[PDB]
């Protein structure tokens, strides 16, 4: 029905949790919310094919795994205990990848809002990619992304795909931006407070 509204509702709930006394983020709830974001990358077209493995598959890995994990803290603590944080396919490694996707969407939305009046998505898509993902991508991937930018949908077409007009889309995009920001900071802090780094 209204995919942007399902996204804003899910992330509002996560923001409430992270801002609540003694916050506990359930892995099932978190992974499900992240899955609502997955189809946005496909909407943007071939420039963002990388996100299929870099984000969507990683979300799906966490959803699958979530049946046996309670909270993000517990999940990460078990990886620290086993000393497998940076191992391929670890819950915590996949979490870091998912966090980056949420952040790219946050910047994408911020930039769409900031460029209101522009009919193109090229600058918002380019700026969000270059800030969030380019630093983690090899040159050949970066080149491929730049070539796919011509195939972005028009801004109007994206809103059509999301079943919203400009006014409503602005409201729900801004909502996602407001909710995701504290969540992303909460996630970064899980890593930084345990000296794990976030740039790997």
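Positions refer to the first chain, counted from 1.
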Look up the CA B-factors in the entry and say which stretch, 28-36 or 137-145, has the higher mean. 137-145
State which stretch shows the higher mean Cα B factor in the entry: 95-103 or 82-90. 82-90
In the PDB entry, which of 59, 132, 44, 173 has its C-alpha at the highest B-factor? 44
For residue 20, the third of its chain into which the C-alpha B factor falls: highest
For residue 115, the third of its chain into which the C-alpha B factor falls: highest
Mind checking which third residue 196 falls in for C-alpha B-factor across the chain? middle
